[PDB]
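K.L.:
If you scroll down you'll find the structure; I have some questions about it.
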Amino acid sequence: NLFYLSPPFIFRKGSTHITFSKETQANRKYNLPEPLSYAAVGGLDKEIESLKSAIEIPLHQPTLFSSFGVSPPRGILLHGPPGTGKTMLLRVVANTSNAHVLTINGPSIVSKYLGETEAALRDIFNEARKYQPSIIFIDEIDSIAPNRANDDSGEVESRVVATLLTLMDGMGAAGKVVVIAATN
Amino acid sequence: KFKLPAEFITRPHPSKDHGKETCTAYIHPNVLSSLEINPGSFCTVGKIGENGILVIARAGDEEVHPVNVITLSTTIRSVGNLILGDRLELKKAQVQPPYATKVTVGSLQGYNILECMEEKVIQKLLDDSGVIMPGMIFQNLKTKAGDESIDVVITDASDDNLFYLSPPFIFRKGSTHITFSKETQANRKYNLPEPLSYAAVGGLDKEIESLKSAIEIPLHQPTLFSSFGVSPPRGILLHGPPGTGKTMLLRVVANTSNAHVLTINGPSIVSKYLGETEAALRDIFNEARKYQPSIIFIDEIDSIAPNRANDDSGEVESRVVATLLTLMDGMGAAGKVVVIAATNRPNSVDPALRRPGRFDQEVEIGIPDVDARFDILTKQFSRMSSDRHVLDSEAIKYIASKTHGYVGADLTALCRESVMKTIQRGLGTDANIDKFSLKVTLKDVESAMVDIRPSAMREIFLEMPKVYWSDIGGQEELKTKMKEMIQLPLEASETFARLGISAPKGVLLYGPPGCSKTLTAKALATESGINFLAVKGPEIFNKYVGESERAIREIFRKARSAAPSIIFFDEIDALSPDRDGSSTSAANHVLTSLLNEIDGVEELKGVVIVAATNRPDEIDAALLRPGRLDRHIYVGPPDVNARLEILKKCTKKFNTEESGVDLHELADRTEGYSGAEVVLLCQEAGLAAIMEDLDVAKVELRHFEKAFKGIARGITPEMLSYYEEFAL
Amino acid sequence: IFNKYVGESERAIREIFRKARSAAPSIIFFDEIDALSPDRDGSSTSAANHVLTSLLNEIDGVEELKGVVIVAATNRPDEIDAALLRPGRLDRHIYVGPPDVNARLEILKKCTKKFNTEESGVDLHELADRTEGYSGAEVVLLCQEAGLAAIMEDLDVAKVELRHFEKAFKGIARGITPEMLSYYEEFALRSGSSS
Amino acid sequence: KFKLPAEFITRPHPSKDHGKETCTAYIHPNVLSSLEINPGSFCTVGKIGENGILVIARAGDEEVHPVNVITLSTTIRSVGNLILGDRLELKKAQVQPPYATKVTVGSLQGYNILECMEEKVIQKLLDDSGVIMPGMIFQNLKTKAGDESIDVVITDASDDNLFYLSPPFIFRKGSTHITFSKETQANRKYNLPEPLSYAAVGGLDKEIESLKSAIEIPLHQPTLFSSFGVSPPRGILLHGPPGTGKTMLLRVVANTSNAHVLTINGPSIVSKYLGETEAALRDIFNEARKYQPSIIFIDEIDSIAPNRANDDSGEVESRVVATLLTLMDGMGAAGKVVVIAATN
Ligand SMILES: Nc1ncnc2c1ncn2[C@@H]1O[C@H](COP(=O)(O)OP(=O)(O)OP(O)(O)=S)[C@@H](O)[C@H]1O
Ligand SMILES: Nc1ncnc2c1ncn2[C@@H]1O[C@H](COP(=O)(O)OP(=O)(O)OP(O)(O)=S)[C@@H](O)[C@H]1O
Ligand SMILES: Nc1ncnc2c1ncn2[C@@H]1O[C@H](COP(=O)(O)OP(=O)(O)OP(O)(O)=S)[C@@H](O)[C@H]1O
Ligand SMILES: Nc1ncnc2c1ncn2[C@@H]1O[C@H](COP(=O)(O)OP(=O)(O)OP(O)(O)=S)[C@@H](O)[C@H]1O
């Protein structure tokens, strides 16, 4: 039982009483992680519809857009009050789609000195390119791309924004990858 | 090869605390052998770098005892008050303890053992103890009735020593004189680290109960959230004014809840620099989960995780969040911890640490009220019985009534200062005095109140020059109105919650210069005491950007500390002078903040707000919108009878009776004199008297004539006008 | 919204109207529009110059405003900007008076919410005509002064007295005085007629 | 002990012709040792934050070759559009790239190679090249009887774990077919960076030729002014409302001119420590002096060089403007250096 999220049992034929039930979830005592699906997102049906369109169009069918010689609408941005289903919408987009979910964490992607921040961004976007379709989530993109007009911005913000500008405007026209940003 | 560690951890001996094991420390066999300590041999177990408990070492099971873990029977721990989590140190005992001859055994319950138990019980327990050490507790001893149990201790022992916490002895049946006692604690001369209890921190009852709920839910009933499924409240932020008792409450939770306490986080950490400290911290929360239901305290959460004002950060704030996001695992599996933070100033933590899943719950201790302070003083003074004699019960409501504004740390300070002053005056009245005849009298305490100012005054700065209604001549109408309109809704809040009355939130005092506005404000502040916080225009404003906004929001933040309470904005016309009606360039932020706050305060929650002005139309109309500050009281020039009361007060030590100075002439000649000028006329009379013949005995009418001929009054196109208009 | 801020000078009005128009029919309200934007034609010249422009550019323009009526309120109608009175922004105009004797009966009933003056004390129905010159928010003042006086006699739990309402009558003089009757009727001979 | 640079400066080979030095990157001996890139071994060089180009490492003369510099041929630089002065990474590749089967070759000019050149020329070029990657341009190849010169492009390469900006392939005469084409650019599949050119800029014709003159004469023909006894014009400023294409001009000037290209991206040089913004400017202008000719770009000059007399310009702005003034005209000399700036 220890170090196992749930203890299996080796199903064997002959005496296993397969009693079907109307419950729509696994046994509650163990509480295996419940998916955060679309039916737990109520209140934003129109907004979720718009998000769905914005994700599908660059994610699944970028090729037919790319025949026109101008890059898809890869960059989606979520903003609004800082309490209204922002990270939760990103999480549901992660769960529902079968697209490889990467993640651009704010603090943890950056180590120290040089060639580490740009290395992280290059590596993650390259992996999102190898495995397709893929979604690149940047929750609270503000914490890593401020205006550069505030005293908050230093070297690291300049690194992150330069690398993102180099990458996101470079890849395209075949990659089935979307970048979704959210901000307070 | 095995390596002997330098530190160890306490965990509970899993079996019932009886038999020879009651004085045995089951230790990892590798540790014992590497220490060259044979099983069944004596060793001293105690906190790192401190005296310890002599106990027999025994070899544990490697699958049961991790390398650093040590199990002491509850009997052993209760001697040192060792909490499960205390880091231990191990040393071999050099000399065998002596045999006991006489032993005194008593119960913490205070129940007469002679009336409940036979001495065979004490013989059994002491024989099981083997090497007696005073302070051990024998726990839950069931009576013959079966429906009861008793707690018992070695109150004293003697025989007819290095690093031993209390003098130990060896029990040998038949040769020892067992004796009963009613004493609930061991011999005071043992200087034991006595436990800490809720019988000491009493005075915050409701928050104590809420804390007990916040320990019930994550320790005892984590299973009861697997059903209902929903994420549990597994982060607590016990904020409050400094010195209110937060650290004491955390300490009582640690010692009276029987969870394992994961070691205190503290402001200190290896290096206090990013990168290095990030792993050294995660280790504390990695220690969590594995142990049976625990409690990790992160006291001073503002010093470990500061606000990140504009760029002030190592990595520690985000490191705390990223780690708490795993510490919040539980109640599906590994629901075996809760985190309790403490702080003086919760808005100075990074606000990301109060988000759901993080410290999503708070306790919010306040400032002790009038009866809270009596609770505090009673429980505190209970520690003295032979040296007080003056508490009886009364005179202590007197201390608690006159000691307004003390936060609880200041009452402890008051007690110690009274003790020190008692000793000082005892040795001052005579060259030598009997130490044990010394006793802290109400004379001592009331004298000590002079020196011990509240700690609140060093952050809540307030003048309150102590005026009374006897010092405000006339204004009977205004005293009545202030009673009605501020003091009743302040104190009678519950009755208005019953009666549905609406308290006049906001009273603006407007009137000519030199009338009773601020004088009545002060008298109200001190007479019929309430908390009374004020600000000034020239101090909320600072050269740097945004420092004025922060000041106003911080003023309201600190104002939240108590209730009932009056906020006093003297000369409010210099908080909203301009930048709203005109010159609206970029700097009306102070008005924005104040006018935002004035709405957030609830209508009868307990806080009321008073303001004053002699320039009524200079106040921005935003403040006089109803719900904000729409109530106005006029403080006009005093009438004939008020002026005579002022004259009578301020001429008190003038022998007006002997000199024939008939006040009823001055009170009418001084018509239109606005307050201060009636006072001035009496100062000038006195100077006229002194200049005539220094070493004056009395003042006389001619001096008052000289005073009158030199005083001028106010402006009638500005006074009695522009206030009559403002009345419309 | 009238205050001078980046998002209040000419923006917040547009956002409010956009929310209201985007919704089902709406009765958007403009409490004290007279005090909000004064005449500013030589008398009572405020310094905003922006909010009235936003209203003028929003109400009269391309927007659909299918389900929208802009109601407003005032106590000094002579101060309204002339750009509002004329048809095009406001084209309906009516007058609201303080409650009559029966309206005053039921406003007296409304004031009390947790008092038993009727059975114990004086009937609320008795007070119907006793209150003269007391506006809908001033019969409230009489009742609330009586309630404050109630907590002065027993101070814990009591009904009120007739003399509580009598003191309400003294301490609060006749509110609706002939001055406002005259000022209105003077303005109404203009608003009511073509003059 | 020796400290290897964290980032490296691109530079050109002294040899301008095509040989077995083409695909070779000359790196300092100590750096070769420190990454254990044994001479002759494969290494990947590519801008910070982008995929690398496979290049075969040789050594530089240890006393005249700066530690920062890798020297690359125009053919290799054409792949990633590496402009001189770009900061490159350098990382060992423990790999042997695959052999070729079919290699496609085209020409910018669109002329028929069978008509313009003999297939033995292309065969020799590829054989000597050592490596084949789509996107390479072999410039200035002479036509029949020296009629003219043509630029030849490797449009695509095909064979019937590291990550590369262009697939590496090897040429093995006879066994890899040199199939001709007419596509004047590399295959669009690859997302190879495509040089921005003046043909993409609209209008501004007279301004474009003014930029050409003031960039060409100061950098590529200074002895004409030294002959005429006048100094060269070391400065151009572009001003006009936003959105008119000012940065487009700077990027095309960077990508078209053969010079060391350095950029002060306004706030990118700024630091909160007392003298560090000024030290960034001194290092940029000394690098420009060191490697000549050099173009220094300053987009939004007004962000780092305000009026110095107005109220908000304190000591920091004064010191940054003084540094710019003294590095442009002071007790120090300029060299074949031109500074190009843009401002709204
Ligand atoms: N329709 C909804 N709108 C808002 N919150 C919802 C909704 N449905 C569920 N929630 C809950 O809202 C909680 C908080 O929402 P979050 O998106 O996590 O907050 P947030 O979006 O991260 O806010 P920030 O500070 O802008 S990142 C989640 O735990 C959800 O369970
Ligand atoms: N019943 C009591 N209630 C409150 N304080 C008490 C009480 N009895 C004694 N005190 C003492 O009051 C002092 C309060 O100190 P702390 O608990 O450390 O203050 P605190 O609230 O934690 O403030 P800090 O700034 O956060 S360390 C301690 O010395 C207590 O022992
Ligand atoms: N019985 C009294 N009635 C009126 N004023 C008195 C009386 N006794 C003393 N004073 C004087 O009244 C003065 C207070 O006048 P205030 O009206 O409060 O001053 P103010 O200029 O109107 O505004 P502030 O709040 O004081 S700055 C003090 O200087 C007292 O000396
Ligand atoms: N002929 C053209 N003229 C101008 N802009 C063009 C032209 N062709 C394309 N563009 C686009 O317009 C923009 C021109 O670059 P910008 O930098 O936006 O101009 P700029 O604003 O003057 O330069 P800044 O302010 O320093 S970023 C780019 O987004 C180009 O893709």
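Scheme for the structure tokens: letters A, B, ... for chains in order shown; per-chain residue numbers from 1; ligand numbers from 1 in order shown.
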Step by step, measure atom-to-atom distances between ligand 1 and each residue using only C-alpha atoms and all ligand atoms, keep those at most 9 Å, then write them as a PyMOL selection string.
P.N.:
(chain A and resi 36+40-45+79-91+139-140+182-184) or (chain B and resi 352+355-357)
K.L.:
Go ahead and save the picked residues with C-alpha atoms, as an mmCIF file, in the first residue's frame.
P.N.:
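Below is the file out.cif, written as the result:
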```
data_model
loop_
_atom_site.group_PDB
_atom_site.id
_atom_site.type_symbol
_atom_site.label_atom_id
_atom_site.label_comp_id
_atom_site.auth_asym_id
_atom_site.auth_seq_id
_atom_site.Cartn_x
_atom_site.Cartn_y
_atom_site.Cartn_z
ATOM 1 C CA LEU A 36 -10.236 18.884 -14.110
ATOM 2 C CA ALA A 40 -15.922 21.833 -13.740
ATOM 3 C CA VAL A 41 -15.433 25.199 -15.455
ATOM 4 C CA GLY A 42 -18.981 26.502 -15.435
ATOM 5 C CA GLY A 43 -19.786 30.166 -15.926
ATOM 6 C CA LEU A 44 -17.489 30.806 -18.920
ATOM 7 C CA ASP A 45 -19.168 28.910 -21.762
ATOM 8 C CA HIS A 79 -6.351 38.336 -18.787
ATOM 9 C CA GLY A 80 -8.992 39.642 -16.415
ATOM 10 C CA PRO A 81 -9.660 39.834 -12.673
ATOM 11 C CA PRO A 82 -7.096 37.895 -10.621
ATOM 12 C CA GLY A 83 -9.585 35.413 -9.199
ATOM 13 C CA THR A 84 -11.608 34.126 -12.150
ATOM 14 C CA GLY A 85 -10.704 30.700 -13.512
ATOM 15 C CA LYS A 86 -7.425 31.668 -15.189
ATOM 16 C CA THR A 87 -5.008 28.951 -14.081
ATOM 17 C CA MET A 88 -8.006 26.624 -13.902
ATOM 18 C CA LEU A 89 -8.786 27.218 -17.578
ATOM 19 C CA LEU A 90 -5.149 26.521 -18.447
ATOM 20 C CA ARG A 91 -5.316 23.322 -16.401
ATOM 21 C CA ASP A 139 1.020 31.007 -16.372
ATOM 22 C CA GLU A 140 1.620 34.506 -15.014
ATOM 23 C CA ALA A 182 -2.330 34.139 -18.754
ATOM 24 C CA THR A 183 -1.890 37.157 -16.507
ATOM 25 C CA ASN A 184 -3.596 38.950 -13.642
ATOM 26 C CA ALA B 352 1.111 34.726 -2.850
ATOM 27 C CA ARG B 355 -3.592 31.954 -1.804
ATOM 28 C CA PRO B 356 -5.795 28.829 -1.600
ATOM 29 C CA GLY B 357 -3.787 25.711 -0.772
#
```
K.L.:
Need the shell around residue 105 in chain A: protein/DNA/RNA residues with any atom at most 7 Å away, counting only C-alpha atoms. Skip same-chain ones fewer than 3 positions apart. Format as a count of residues only?
P.N.:
3
K.L.:
How would you write, as a ChimeraX atom specification, the set of residues no farther than 8 Å from ligand 4 when counting only C-alpha atoms and all ligand atoms?
P.N.:
/D:200-203,240-248,299-300,342-344
K.L.:
Counting only C-alpha atoms and all ligand atoms, which protein, DNA or RNA residues come within 10 Å of ligand 2, given as a PyMOL selection string?
P.N.:
chain B and resi 196+198-205+238-251+299-301+342-345+365-368+372-373+375-381+407-413
K.L.:
Which residues are near ligand 3 - at most 10 Å, using only C-alpha atoms and all ligand atoms? Format: as a PyMOL selection string.
P.N.:
chain B and resi 467+469-475+509-522+568-572+611-615+635-638+642-647+649-650+673-680
K.L.:
Those same residues - N, CA and C atoms - I'd like them written as a compact mmCIF listing (two decimals), in the first residue's frame.
P.N.:
```txt
# COMPACT_ATOMS: atom_id res chain seq x y z
N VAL B 467 -7.40 65.06 29.11
CA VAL B 467 -8.41 66.03 29.52
C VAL B 467 -9.64 65.26 29.99
N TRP B 469 -14.06 65.85 31.23
CA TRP B 469 -15.21 66.72 31.03
C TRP B 469 -15.32 67.79 32.11
N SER B 470 -14.65 67.60 33.24
CA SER B 470 -14.59 68.67 34.23
C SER B 470 -13.72 69.82 33.74
N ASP B 471 -12.89 69.58 32.73
CA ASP B 471 -11.98 70.58 32.19
C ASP B 471 -12.52 71.23 30.92
N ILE B 472 -13.80 71.01 30.60
CA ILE B 472 -14.43 71.64 29.45
C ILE B 472 -15.66 72.39 29.93
N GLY B 473 -15.49 73.67 30.24
CA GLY B 473 -16.62 74.44 30.72
C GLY B 473 -17.72 74.52 29.67
N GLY B 474 -18.97 74.53 30.14
CA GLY B 474 -20.08 74.56 29.22
C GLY B 474 -20.13 73.31 28.37
N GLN B 475 -20.68 73.46 27.17
CA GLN B 475 -20.74 72.37 26.20
C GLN B 475 -21.48 71.16 26.76
N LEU B 509 -16.74 67.63 13.32
CA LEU B 509 -16.82 68.74 14.25
C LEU B 509 -16.32 70.00 13.55
N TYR B 510 -17.21 70.98 13.37
CA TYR B 510 -16.85 72.22 12.71
C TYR B 510 -17.27 73.40 13.56
N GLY B 511 -16.41 74.41 13.61
CA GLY B 511 -16.63 75.56 14.45
C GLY B 511 -15.45 76.52 14.44
N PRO B 512 -15.63 77.69 15.03
CA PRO B 512 -14.60 78.73 14.94
C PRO B 512 -13.31 78.28 15.61
N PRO B 513 -12.20 78.96 15.33
CA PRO B 513 -10.95 78.63 16.02
C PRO B 513 -11.07 78.90 17.52
N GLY B 514 -10.43 78.04 18.31
CA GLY B 514 -10.35 78.27 19.74
C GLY B 514 -11.53 77.79 20.54
N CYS B 515 -12.48 77.10 19.92
CA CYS B 515 -13.60 76.51 20.64
C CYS B 515 -13.22 75.09 21.05
N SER B 516 -14.18 74.30 21.50
CA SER B 516 -13.92 73.05 22.21
C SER B 516 -13.73 71.84 21.30
N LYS B 517 -13.36 72.02 20.03
CA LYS B 517 -13.31 70.87 19.13
C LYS B 517 -12.28 69.83 19.55
N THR B 518 -10.98 70.16 19.47
CA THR B 518 -9.98 69.16 19.81
C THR B 518 -9.95 68.89 21.30
N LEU B 519 -10.32 69.87 22.12
CA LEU B 519 -10.39 69.64 23.56
C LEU B 519 -11.44 68.58 23.88
N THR B 520 -12.62 68.68 23.27
CA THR B 520 -13.63 67.65 23.44
C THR B 520 -13.17 66.33 22.86
N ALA B 521 -12.46 66.36 21.73
CA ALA B 521 -11.92 65.12 21.19
C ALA B 521 -11.01 64.43 22.19
N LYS B 522 -10.09 65.18 22.80
CA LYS B 522 -9.17 64.58 23.78
C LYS B 522 -9.93 64.07 24.99
N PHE B 568 -9.47 59.74 14.49
CA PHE B 568 -9.59 61.18 14.63
C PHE B 568 -8.72 61.85 13.58
N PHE B 569 -9.36 62.53 12.64
CA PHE B 569 -8.67 63.28 11.59
C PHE B 569 -8.83 64.77 11.91
N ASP B 570 -7.91 65.28 12.72
CA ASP B 570 -7.87 66.71 13.00
C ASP B 570 -7.38 67.45 11.76
N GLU B 571 -8.00 68.60 11.49
CA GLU B 571 -7.70 69.37 10.30
C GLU B 571 -7.76 68.49 9.06
N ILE B 572 -8.91 67.84 8.86
CA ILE B 572 -9.10 67.00 7.69
C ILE B 572 -9.03 67.81 6.41
N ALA B 611 -13.85 63.68 12.87
CA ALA B 611 -12.99 64.64 12.19
C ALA B 611 -13.30 66.04 12.69
N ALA B 612 -12.39 66.97 12.42
CA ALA B 612 -12.54 68.35 12.86
C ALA B 612 -12.04 69.29 11.78
N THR B 613 -12.65 70.47 11.72
CA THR B 613 -12.23 71.49 10.77
C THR B 613 -12.80 72.84 11.18
N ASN B 614 -12.03 73.89 10.95
CA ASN B 614 -12.54 75.25 10.97
C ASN B 614 -12.58 75.85 9.57
N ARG B 615 -12.38 75.03 8.55
CA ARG B 615 -12.56 75.42 7.15
C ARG B 615 -13.50 74.42 6.48
N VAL B 635 -19.66 73.44 16.89
CA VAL B 635 -19.03 73.82 18.15
C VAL B 635 -18.81 75.32 18.13
N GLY B 636 -19.79 76.07 18.63
CA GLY B 636 -19.76 77.50 18.52
C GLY B 636 -19.14 78.15 19.74
N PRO B 637 -19.06 79.48 19.71
CA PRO B 637 -18.51 80.20 20.85
C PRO B 637 -19.33 79.94 22.09
N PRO B 638 -18.68 79.89 23.26
CA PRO B 638 -19.42 79.56 24.48
C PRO B 638 -20.38 80.66 24.89
N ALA B 642 -21.15 79.07 30.02
CA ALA B 642 -19.94 78.32 29.72
C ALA B 642 -18.70 79.13 30.03
N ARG B 643 -18.70 80.41 29.64
CA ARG B 643 -17.56 81.26 29.90
C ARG B 643 -17.30 81.38 31.40
N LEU B 644 -18.36 81.42 32.20
CA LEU B 644 -18.17 81.52 33.64
C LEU B 644 -17.58 80.24 34.21
N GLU B 645 -17.94 79.08 33.66
CA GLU B 645 -17.30 77.85 34.11
C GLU B 645 -15.82 77.84 33.75
N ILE B 646 -15.48 78.29 32.54
CA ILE B 646 -14.08 78.40 32.17
C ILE B 646 -13.35 79.33 33.13
N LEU B 647 -13.97 80.47 33.43
CA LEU B 647 -13.36 81.44 34.34
C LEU B 647 -13.15 80.83 35.72
N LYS B 649 -12.81 77.67 36.56
CA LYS B 649 -11.72 76.70 36.53
C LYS B 649 -10.36 77.39 36.48
N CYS B 650 -10.17 78.31 35.53
CA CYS B 650 -8.84 78.85 35.28
C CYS B 650 -8.43 79.94 36.27
N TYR B 673 -16.19 86.20 23.31
CA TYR B 673 -14.87 85.61 23.50
C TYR B 673 -14.96 84.11 23.26
N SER B 674 -14.17 83.62 22.31
CA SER B 674 -14.27 82.23 21.87
C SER B 674 -13.28 81.38 22.65
N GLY B 675 -13.73 80.81 23.77
CA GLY B 675 -12.93 79.80 24.44
C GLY B 675 -11.57 80.31 24.85
N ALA B 676 -10.55 79.88 24.09
CA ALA B 676 -9.17 80.22 24.40
C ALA B 676 -9.00 81.66 24.87
N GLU B 677 -9.79 82.59 24.32
CA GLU B 677 -9.62 83.99 24.71
C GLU B 677 -10.11 84.24 26.13
N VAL B 678 -11.10 83.48 26.60
CA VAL B 678 -11.46 83.56 28.01
C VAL B 678 -10.33 83.04 28.88
N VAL B 679 -9.68 81.96 28.45
CA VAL B 679 -8.50 81.47 29.15
C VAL B 679 -7.38 82.50 29.11
N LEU B 680 -7.16 83.11 27.95
CA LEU B 680 -6.08 84.10 27.83
C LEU B 680 -6.31 85.28 28.76
```
K.L.:
Could you give me the residues within range 148-177 of chain B that DSSP places in strand (DSSP E), as a list in words?
P.N.:
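Reading the DSSP output for range 148-177 of chain B, strand (DSSP E) covers residues 149, 150, 151, 152, 153, 154, 155, 156, 157, 158, 169, 170 and 177 of chain B.
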K.L.:
If the cut-off is 9 Å, can you tell me the residues of chain B near chain A, counting only C-alpha atoms? I'd like them as a VMD selection string.
P.N.:
chain B and resid 223 226 to 229 275 310 to 311 315 318 to 319 331 to 333
K.L.:
Would you output that residue set with N, CA, C and O atoms, as a PDB file, in the first residue's frame?
P.N.:
```
ATOM      1  N   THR B 223      -9.092  11.774   7.533  1.00  0.00           N
ATOM      2  CA  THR B 223      -9.902  10.786   6.834  1.00  0.00           C
ATOM      3  C   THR B 223     -11.272  11.349   6.487  1.00  0.00           C
ATOM      4  O   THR B 223     -11.856  10.995   5.458  1.00  0.00           O
ATOM      5  N   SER B 226     -11.514  12.771   2.974  1.00  0.00           N
ATOM      6  CA  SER B 226     -11.495  11.886   1.817  1.00  0.00           C
ATOM      7  C   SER B 226     -12.901  11.730   1.262  1.00  0.00           C
ATOM      8  O   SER B 226     -13.119  11.809   0.047  1.00  0.00           O
ATOM      9  N   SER B 227     -13.867  11.507   2.145  1.00  0.00           N
ATOM     10  CA  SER B 227     -15.253  11.782   1.823  1.00  0.00           C
ATOM     11  C   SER B 227     -15.512  13.281   1.953  1.00  0.00           C
ATOM     12  O   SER B 227     -14.973  13.957   2.833  1.00  0.00           O
ATOM     13  N   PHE B 228     -16.349  13.789   1.052  1.00  0.00           N
ATOM     14  CA  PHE B 228     -16.519  15.212   0.770  1.00  0.00           C
ATOM     15  C   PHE B 228     -15.349  15.764  -0.038  1.00  0.00           C
ATOM     16  O   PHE B 228     -15.430  16.877  -0.558  1.00  0.00           O
ATOM     17  N   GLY B 229     -14.249  15.029  -0.146  1.00  0.00           N
ATOM     18  CA  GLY B 229     -13.343  15.205  -1.266  1.00  0.00           C
ATOM     19  C   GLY B 229     -12.612  16.534  -1.360  1.00  0.00           C
ATOM     20  O   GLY B 229     -11.526  16.605  -1.944  1.00  0.00           O
ATOM     21  N   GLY B 275      19.892  29.702  -3.683  1.00  0.00           N
ATOM     22  CA  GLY B 275      20.668  28.524  -4.126  1.00  0.00           C
ATOM     23  C   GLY B 275      21.030  27.613  -2.963  1.00  0.00           C
ATOM     24  O   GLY B 275      20.479  26.496  -2.916  1.00  0.00           O
ATOM     25  N   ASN B 310       9.696  45.998  -4.550  1.00  0.00           N
ATOM     26  CA  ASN B 310       9.828  46.238  -5.983  1.00  0.00           C
ATOM     27  C   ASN B 310      10.743  45.212  -6.639  1.00  0.00           C
ATOM     28  O   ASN B 310      10.446  44.718  -7.732  1.00  0.00           O
ATOM     29  N   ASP B 311      11.864  44.839  -6.028  1.00  0.00           N
ATOM     30  CA  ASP B 311      12.750  43.785  -6.528  1.00  0.00           C
ATOM     31  C   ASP B 311      13.473  43.044  -5.394  1.00  0.00           C
ATOM     32  O   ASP B 311      14.409  42.290  -5.667  1.00  0.00           O
ATOM     33  N   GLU B 315      15.527  33.882  -3.671  1.00  0.00           N
ATOM     34  CA  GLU B 315      14.495  33.031  -4.294  1.00  0.00           C
ATOM     35  C   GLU B 315      13.442  32.520  -3.279  1.00  0.00           C
ATOM     36  O   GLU B 315      12.504  31.808  -3.645  1.00  0.00           O
ATOM     37  N   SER B 318       9.260  32.286  -3.593  1.00  0.00           N
ATOM     38  CA  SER B 318       8.787  31.324  -4.578  1.00  0.00           C
ATOM     39  C   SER B 318       9.159  29.906  -4.177  1.00  0.00           C
ATOM     40  O   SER B 318       8.421  28.962  -4.467  1.00  0.00           O
ATOM     41  N   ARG B 319      10.300  29.723  -3.500  1.00  0.00           N
ATOM     42  CA  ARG B 319      10.724  28.438  -2.942  1.00  0.00           C
ATOM     43  C   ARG B 319       9.731  27.967  -1.889  1.00  0.00           C
ATOM     44  O   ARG B 319       9.291  26.821  -1.965  1.00  0.00           O
ATOM     45  N   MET B 331      -4.895  13.757   2.930  1.00  0.00           N
ATOM     46  CA  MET B 331      -6.288  13.364   3.120  1.00  0.00           C
ATOM     47  C   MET B 331      -6.775  12.485   1.973  1.00  0.00           C
ATOM     48  O   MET B 331      -7.881  11.938   2.031  1.00  0.00           O
ATOM     49  N   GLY B 332      -5.960  12.347   0.931  1.00  0.00           N
ATOM     50  CA  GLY B 332      -6.052  11.216   0.031  1.00  0.00           C
ATOM     51  C   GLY B 332      -4.986  10.226   0.446  1.00  0.00           C
ATOM     52  O   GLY B 332      -5.241   9.028   0.600  1.00  0.00           O
ATOM     53  N   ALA B 333      -3.773  10.745   0.626  1.00  0.00           N
ATOM     54  CA  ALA B 333      -2.691  10.018   1.268  1.00  0.00           C
ATOM     55  C   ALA B 333      -1.728  11.030   1.872  1.00  0.00           C
ATOM     56  O   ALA B 333      -1.594  12.154   1.384  1.00  0.00           O
TER      57      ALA B 333
END
```
K.L.:
Might you pull out every residue within 7 Å of range 589-599 of chain B, with only C-alpha atoms counted and same-chain residues fewer than 4 positions away left off, and present them as a list in words?
P.N.:
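Everything that qualifies: residues 548, 549, 552, 553, 575, 576, 623 and 628 of chain B.
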